[PDB]
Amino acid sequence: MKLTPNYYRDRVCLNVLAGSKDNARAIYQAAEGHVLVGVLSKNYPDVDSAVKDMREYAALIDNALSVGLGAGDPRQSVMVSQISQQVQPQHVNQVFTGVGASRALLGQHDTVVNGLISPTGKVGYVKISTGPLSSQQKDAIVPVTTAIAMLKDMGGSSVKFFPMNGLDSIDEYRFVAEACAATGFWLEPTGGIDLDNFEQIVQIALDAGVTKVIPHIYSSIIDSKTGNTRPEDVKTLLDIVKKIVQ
């Protein structure tokens, strides 16, 4: 079963949450396969139960599975590394201090492992103290290029730039995308992305020269009555992707 995401035209793959197993199947079909379906470690009492249920999801969607911390929660980073070791998904969400352990325990470099780093309000400078203890200490704020080189040194695949707050951090995001393009590194914009800002946010990464972009799109496409990601919103997003990835 494949360990790399199904990028559309090798450039863009959606990342969205599933509300259930049936929703995961529908999302996977709506995206024509060009999606990673997020399942949260935080929903299981232990590693064994999470691994079991995630392999059930993986089987429905040809392994197009993204293992989630749950809202970037660093307290889930160890459990994510353990779950991902057994599940061998296509995608893993990590915080900056959990990238090395996750890569090492996966035992291969095909699974995409992202590394959560955060806007600071100043272009070119990012917060990287995003682990469970380090997130409680004075912030570690470093140059974007150096943060990327450190993620690469630790075996990471991509930056998760979070929380973006939609377009509120757009100049910082653009500088990160330009730095990713220059280093061969991939990019996952996350936080407040929706049907109105998604095209611009992806277009900025594309125009900067980012090789692979994995946007995450969550509450803005989720039906609150069922907790499901709406398949019609996934198609709307896939149409945008086909329009701008040529």
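Position 1 is the first residue in the sequence shown; the rest follow in order.
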Q. On average, are the C-alpha B-factors higher in 163-171 or in 99-107?
A. 163-171
Q | Which of 193-201 and 24-32 has higher mean CA B factor, as the PDB entry lists it | A | 24-32
Q | Residue with maximal Cα B-factor (values as given in the PDB entry) among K127, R75, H91, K152 | A | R75
**Q.** Candidate set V176, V113, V87, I141 [ranked by C-alpha B-factor, highest]
**A.** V87
Q. If you rank every modelled residue in this chain by C-alpha B factor, which third holds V47: lowest, middle or highest?
A. highest
Q.
How does the C-alpha B factor of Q137 compare with the rest of the chain: lowest, middle or highest third?
A. middle
Q | Chain-wide C-alpha B factor ranking for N228, given as lowest, middle or highest third | A | middle
Q) Can you tell me which third, lowest, middle or highest, the CA B-factor of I83 falls into for its chain? A) highest
Q | Ranked C-alpha temperature factor of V16 among modelled chain residues, by third | A | lowest
